[PDB]
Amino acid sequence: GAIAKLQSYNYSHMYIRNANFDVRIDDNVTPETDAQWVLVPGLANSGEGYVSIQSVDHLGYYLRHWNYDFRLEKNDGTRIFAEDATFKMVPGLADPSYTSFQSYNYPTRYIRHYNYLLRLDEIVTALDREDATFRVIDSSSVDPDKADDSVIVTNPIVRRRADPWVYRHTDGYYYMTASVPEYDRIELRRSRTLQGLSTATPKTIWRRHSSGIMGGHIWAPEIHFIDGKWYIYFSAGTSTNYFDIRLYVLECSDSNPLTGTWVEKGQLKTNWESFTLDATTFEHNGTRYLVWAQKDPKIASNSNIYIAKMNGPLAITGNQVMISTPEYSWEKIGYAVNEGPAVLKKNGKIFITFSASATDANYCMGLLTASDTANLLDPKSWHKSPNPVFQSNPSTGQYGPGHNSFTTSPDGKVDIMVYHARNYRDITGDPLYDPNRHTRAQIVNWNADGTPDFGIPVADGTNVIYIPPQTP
């Protein structure tokens, strides 16, 4: 039939897999073939829509329910087996663009996971529906290992991932890290194209500690390659105060960061101890800098933007320098904050975008600009644009855009902004616990005056970001 992976809708790092003939959803599936299935015409009925789910490694073995529990079992040729191993593929119960699997012999019951085990249950609640919805990733899906010089995406590229960091490495892959909705782990994925980030198999490369430091909220990881090694800069609270957040570093010298060993290097200390988050790094003219957000107890803002020179990838040196603090009304809706700095170099300037206001629909982006020949450690080299440079747009239906990163087309010729936003405005409850910020991308245009034009957040759907020009 058709080889496929079956990815969970609500745990999109997790896949239906053979676990020594038991059946569960897991991340980090090893061997990868445990998550590979062949969708074949239904054993009990080969009509349109009916399928059976066969193991690739164990041909003749299929997913079969018994007492509402799933096992991977050898087809015994009986009618009861065929019926217990046949499903109708129907529009996803939680989202009709995804897939749900309705039992052939129990048509009110669907394949679902609970406590990570695969079951066949009736589906009542909104959570039941999410547990019963899956993404089929098959040969028709974008292949993350295939190169393409054109950049065409379908937004949202990655649902339910916030603070998206995309890094184009010198192996022909983009690497993506992001905040996950539970804020409890660091997830990494790679693809040769931006659109393939949607279908790439992520890996959980690190999970939070059970006690003490690095045991609270895990926020906004960024992967960088510096001096021949991989680094992840991330923000982590403690187990007794999820918001007592500091910067931490992981290091991996193995060349493939999805298979390599990651080592904790500890806290990246700054000039004082307080809420510190959202670090990024850039190099210019032989100096490396850290740029991050931090609370100053003496200033009534949740965080300000700081820069400092680095002494290698693990430390700053000298004094940190505040280059932005929230002061315009648009930086203070809900609360006064500047966070999520991202660096873009062009046209003789260093541009740093940042996000401001609360993380609901009011979230937006501002811009800092310095001449690239100026003293970057002098606050007066940095100039804040007086208005937001990217914000909600009711006409495109995108709300609270921010915590962006910048990458390029594969050929390096154009800049592309990757960021999160919601496709609805009103949020119920604490916005930190609304998980529906989705990762998306669009071109960065350039004004004739040399400054970036971020435009408005594009509506959901297909966006042609870049087609490479051709010499006559």
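Start at 1 and count along the sequence shown; that's the residue number.
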Response to the item:
Quick note on 192-200 and 76-84: per-entry mean CA temperature factor is higher in 76-84
Discussion item. Per the record, averaged over C-alpha atoms, which has the higher B-factor: 318-326 or 125-133?
Written reply: 318-326
Discussion item. I'd like to know which of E339, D184, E283, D163 has the highest C-alpha temperature factor in the PDB entry.
Written reply: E283
Item to complete: Name the one of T238, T177, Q267, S141 with the greatest CA B-factor according to the PDB entry.
Response: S141
Discussion item. Quick check for you: using the entry's CA B-factors within this chain, is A448 in the lowest, middle or highest third?
Written reply: highest
Worksheet item: By its CA B factor, does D411 count among the lowest, middle or highest third of the modelled residues in the chain?
Response: middle
Item to complete: Report the third (lowest, middle or highest) to which the CA temperature factor of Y98 belongs, ranking only the modelled residues of the same chain.
Response: middle
Practice prompt. Determine, from the deposited record, the chain-internal third of the Cα B-factor for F70: lowest, middle or highest.
Written response: middle
Response to the item:
Assert third(CA B-factor, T462) within chain per record equals highest
